2 protein chains.
Amino acid sequence: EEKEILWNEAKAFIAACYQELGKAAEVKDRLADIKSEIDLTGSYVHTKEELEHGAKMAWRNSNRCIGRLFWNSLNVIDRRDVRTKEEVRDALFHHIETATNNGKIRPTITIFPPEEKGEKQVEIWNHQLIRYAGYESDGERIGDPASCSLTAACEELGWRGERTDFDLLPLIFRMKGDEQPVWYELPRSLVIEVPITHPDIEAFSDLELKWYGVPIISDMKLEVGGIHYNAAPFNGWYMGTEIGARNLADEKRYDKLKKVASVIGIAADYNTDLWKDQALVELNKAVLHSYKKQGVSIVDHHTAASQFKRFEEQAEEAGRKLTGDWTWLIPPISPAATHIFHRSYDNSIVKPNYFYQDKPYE
Amino acid sequence: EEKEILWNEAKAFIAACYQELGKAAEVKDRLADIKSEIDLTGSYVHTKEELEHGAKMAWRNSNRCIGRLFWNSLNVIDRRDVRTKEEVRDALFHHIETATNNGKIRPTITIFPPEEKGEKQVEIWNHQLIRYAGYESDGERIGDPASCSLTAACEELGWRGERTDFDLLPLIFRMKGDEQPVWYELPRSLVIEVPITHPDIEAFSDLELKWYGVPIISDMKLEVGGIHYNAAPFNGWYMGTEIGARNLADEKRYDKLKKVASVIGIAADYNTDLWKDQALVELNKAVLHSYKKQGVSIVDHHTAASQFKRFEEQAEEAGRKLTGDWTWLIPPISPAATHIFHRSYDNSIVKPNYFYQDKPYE
Ligand code: HEM
Ligand code: HEM
Ligand SMILES: CNCCc1cccc(OCc2ccc3ccc(N)nc3c2)c1
Ligand SMILES: CNCCc1cccc(OCc2ccc3ccc(N)nc3c2)c1
Ligand SMILES: [Cl-]
Ligand SMILES: [Cl-]
């Protein structure tokens with residue numbers, strides 16, 4: 001059964017992958033080899049070419065991602081060789097440095113050994129490799145509420161945060177055979193952060209806002225031809241609205257709109273003044289300006305949607321079905337100013353792809 | 001078959017309606033009477049109470065409507081007695097006057113005789129009773145592009161627009177047995193319009209924008225207990241974003257964002273300046289301000305979403321399933337600033353309800 005599903009997924013992936021790589025003639029013999037490997041071993045091992053192309057296909061098939069035009073330039077790092085926690089740490093440190101690239105962000109994925117019997121070899125606890133801690137006790141809220149449960153789990157393990165609003169969480173992961181994860185503080189020299197200033201409004205710096213340069217999502221599973229890479233952190237560059245309309249704006253995140261309204265000099269008293277909307281726009285302008293000024297890659301939602309339109313055109317021209325999740329593709333500010341809002345998308349799930357998986361804490 | 005569907009819909013509607021009206025004991029005898037009427041006549045006639053409550057249920061079940069908290073206060077006008085085109089005209093004129101109510105808009109529906117054998121008794125051609133004409137010829141675009149086909153159909157019939165950007169379309173409808181519709185110019189004394197000014201930016205009036213006071217949607221079909229009221233125009237008051245983020249903003253409508261950017265004194269050259277977003281906010285602030293200043297009812301999207309949350313709570317408390325269309329419920333500006341964005345909704349279709357129907361032109 002288990003063995004059956006794997007073979008099926010393998011046939012479908014190898015056929016499609018080799019077709020796109022112009023290697024269609026090599027399919028029959030590769031499939032032969034795979035069949036034997038599965039019979040003999042219970043699993044099979046991707047070639048470097050298969051793994052690289054699979055990770056790229058998986059990004060291409062990510063319905064919720066507006067940034068897919070660049071799927072084929074994904075930088076894929078093969079770390080299936082790691083066996084120790086020092087190696088995993090160093091690979092994660094390396095991913096941060098190489099993806100950051102002094103501000104000129106390279107979309108990158110680092111791929112660790114896959115689940116074996118559904119048994120994880122490496123289990124990453126972080127949601128993103130770089131993220132801020134959150135605390136909630138005695139009515140006191142500090143940092144990022146979205147990080148409260150992971151922060152509490154880290155502190156169970158002997159980590160202690162300084163309780164600023166921007167404590168960097170340690171890297172935290174567990175190896176097969178260890179009962180507990182280990183944690184490592186991030187070297188601050190590896191982590192680019194951007195202070196938020198406004199191009200016109202000088203008081204904006206009074207808010208003392210900042211955000212980190214690179215979102216490196218580290219808790220999703222990459223599935224390629226029936227092989228489950230549960231540990232495979234990847235990154236792009238930010239779209240500005242993720243920071244300005246959600247991370248810094250949401251009431252359940254940093255909740256900064258009233259403070260923004262105050263520093264930009266507008267009242268926050270009447271819904272009809274659209275003060276939240278006006279605050280959102282200025283905060284989002286501040287975020288784009290600040291990343292650009294520091295030389296850290298970022299895309300605004302208009303440019304991003306323009307790129308996505310080209311992705312749609314490229315899909316059509318290549319003869320591939322396009323899939324998408326309208327509810328995630330539309331940006332959270334001025335969505336009707338983008339073409340995405342005015343059409344519909346088929347939300348079918350195509351593999352390879354990235355999937356959610358259960359958290360090991362909570 | 002036809003006769004069967006009707007009876008089924010009737011049983012389900014009468015049972016639910018009388019239950020809500022505390023008239024459950026009267027169901028058995030009412031259903032008896034209806035059964036006979038259908039056998040004998042092919043159809044059945046709603047009581048005033050059934051019709052009124054059915055139209056209210058239909059609004060309550062409109063998945064795409066954010067304004068549903070007020071479903072039970074719908075003003076229902078029963079015009080099943082009309083037989084002539086002068087009567088239809090006068091009923092439509094009356095609806096405009098009574099709904100407008102000197103600016104204090106009353107949500108109202110005027111209900112005309114229903115389809116008989118699927119044969120319409122009255123066929124309204126207008127999308128809304130009050131709307132602006134649109135023209136497109138020789139590269140010249142004037143008025144509302146959304147009105148181009150209806151405008152062309154009106155001019156086929158001897159109507160002629162002045163070719164301002166805001167020509168009011170005539171009322172246009174067809175009676176059973178007439179080969180052609182008739183048209184009647186709207187008396188300007190019945191139509192409230194609001195000039196768009198900005199609370200802070202005096203130059204905003206240079207754009208010479210205006211919009212009409214009351215959206216009176218006149219091309220949907222009301223279905224109640226298997227009876228098809230294809231002619232049943234209804235209105236609420238506007239939510240400001242419908243005018244400011246769509247009618248005046250969309251590239252395929254009045255397309256005013258570049259002109260807005262110019263009068264508010266910002267460049268429209270770089271996506272990263274978020275000039276479209278900033279223009280959207282100021283235009284939307286202008287719209288709310290202008291309606292309020294003139295004493296014409298309007299709701300902003302924050303207040304509207306707050307009302308909708310109460311509608312959700314009321315549904316739960318009354319033991320009714322809530323249905324909704326997330327993609328239409330979210331406002332087109334700052335959607336993530338509303339609770340709607342952060343939850344999901346079951347998009348099941350429950351009857352009574354309002355439905356699309358084929359246009360008689362195009
Ligand atoms: C190159 C720059 C990129 C940009 C600007 C971009 C933009 C975005 C945005 C805005 C979202 C929505 C996230 C949210 O609202 O929570 C998203 C979702 C997503 N992106 Fe991308 N992305 C990029 C690169 C990548 C890469 C390199 C991958 C993987 C190889 C990826 C895979 C995804 C996935 C899987 C999701 C959905 C996650 C979920 O379901 O929660 N993206 N992207
Ligand atoms: C009282 C004020 C009301 C407000 C503020 C309101 C608000 C809205 C808004 C903003 C939409 C979305 C329209 C679009 O984006 O194209 C909508 C859709 C709708 N509303 Fe309401 N509404 C109100 C009253 C009513 C009334 C009185 C009815 C009928 C009795 C109604 C039935 C509907 C229906 C059927 C739709 C969907 C139409 C379609 O599918 O195209 N609403 N409403
Ligand atoms: C706001 N939704 C949070 C829930 C959630 C859970 C797990 C992963 C996840 O990823 C969002 C995500 C994923 C990949 C991205 C790549 C680039 C980018 N700019 N944003 C990206 C954002 C998001
Ligand atoms: C933007 N969608 C246009 C397509 C379309 C076709 C037919 C009817 C229709 O109604 C939108 C609609 C319906 C009822 C409304 C009631 C009140 C209100 N403020 N807006 C309302 C808006 C909309
Ligand atoms: Cl993020
Ligand atoms: Cl409208």
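A, B, ... follow the sequence lines: proteins, then strands. Residue 1 opens every chain. Because only heavy atoms are used, hydrogens play no part in the values below, and waters and symmetry mates are left out as well, while side chains stay in. Start at 1 and go down the list; that is how both ligands and their atoms are numbered.
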Could you tell me whether ligand 1 has any atom less than 4.0 Å away from a heavy atom of A:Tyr356? yes
For A:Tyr361, does its backbone N or O pair with a side-chain atom of A:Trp125 as donor and acceptor, under 3.5 Å? no
Is the closest basic N to carboxylate O distance between A:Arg30 and A:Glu49 below 4.0 Å? no
Checking B:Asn63 side chain against B:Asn347 main chain: does a donor-acceptor pair fall under 3.5 Å? yes
If only atom types and distance count, is the side chain of A:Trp159 paired as donor or acceptor with the main-chain N or O of A:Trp183 below 3.5 Å? no
Backbone or side-chain N or O of A:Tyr356 under 3.5 Å from ligand 3 N or O: no
Kindly check if the number of other-residue, nucleotide or ligand heavy atoms within 6.0 Å of CD (A:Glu251) is above 12? no
Could you tell me the residue and atom name of the protein heavy atom closest to atom 38 (C) of ligand 1, and the distance to it rounded to 0.1 Å? A:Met220 SD, 4.0 Å
Could you tell me the residue and atom name of the protein heavy atom closest to atom 16 (O) of ligand 1, and the distance to it rounded to 0.1 Å? A:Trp328 CZ3, 3.3 Å
Test the A:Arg310-A:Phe308 pair against the cation-pi criterion, namely NZ or CZ under 6.0 angstrom from the six-membered ring centroid and within 45° of the ring axis. no
Check if A:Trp328 has a non-hydrogen atom at a distance under 4.0 Å from any atom of ligand 3. yes
Against ligand 1, does A:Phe70 come closer than 4.0 Å with any heavy atom? no
Quick one: look up the protein heavy atom nearest atom 15 (C) of ligand 3 and list residue, atom name and how far away it is. A:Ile217 CD1, 3.9 Å
Look at ligand 1 and say whether A:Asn235 reaches it with a heavy atom at a distance under 4.0 Å. yes
Would B:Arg343 pass as a cation-pi partner of B:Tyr345, given that its NZ or CZ must be under 6.0 Å from the six-membered ring centre and within 45 degrees of the axis? yes
By residue and atom, what protein N/O/S atoms are less than 2.8 Å from atom 21 (Fe) of ligand 1? A:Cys65 SG
For atom 10 (C) of ligand 1, what's the nearest protein heavy atom and its distance? A:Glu242 CD, 3.5 Å
Do A:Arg188 and A:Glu193 sit within salt-bridge range, that is, some charged N less than 4.0 Å from a carboxylate O? yes
Hey, which atoms in ligand 1 end up nearer than 4.0 Å to a heavy atom of A:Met239? 10 (C)
Among protein heavy atoms, which sits nearest to atom 32 (C) of ligand 1, and what does the distance come to when rounded to 0.1 Å? A:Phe234 CE1, 3.7 Å
Nearest protein heavy atom to atom 4 (C) of ligand 1, by residue and atom, and its distance? A:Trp237 O, 3.5 Å
Which of the numbered atoms in ligand 1 are under 4.0 angstrom from any heavy atom belonging to A:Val299? 5 (C)
Contacting atoms of ligand 3, where contact means under 4.0 angstrom from a heavy atom of A:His127: 5 (C), 6 (C), 7 (C), 8 (C), 9 (C), 23 (C)
Which residue and atom name correspond to the protein heavy atom nearest atom 16 (C) of ligand 3, and how close is it? A:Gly236 N, 4.3 Å
I want to know whether A:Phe166 and A:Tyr254 have ring centres closer than 6.0 Å. yes
All salt bridge (charged side-chain N to carboxylate O under 4.0 Å, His left out) counterparts of A:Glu97, not counting sequence neighbours: none
Taking A:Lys285 first and then B:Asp273, would you say they form a salt bridge - that is, a charged N and a carboxylate O separated by under 4.0 Å? no
Does the protein put a heavy atom under 4.0 Å from atom 7 (C) of ligand 3? yes
Assess whether a salt bridge exists between A:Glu313 and A:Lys309, defined as any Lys/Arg side-chain N lying under 4.0 Å from an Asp/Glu carboxylate O. yes
Output the list of atoms in ligand 3 that are nearer than 4.0 Å to some heavy atom of A:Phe234, sorted by atom number. 14 (C)
Charged N to carboxylate O under 4.0 angstrom, A:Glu123 versus A:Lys176? no
A:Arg89 charged N/C atom sitting above A:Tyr184 aromatic ring, 6.0 Å / 45°: yes
Does ligand 3 have any atom that is closer than 4.0 Å to a heavy atom of A:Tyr354? no
What I want to know is whether A:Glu242 and ligand 3 share at least one N or O pair that is separated by under 3.5 angstrom. yes
NZ/NE/NH1/NH2 to OD/OE distance under 4.0 Å, A:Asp178 and A:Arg174: no
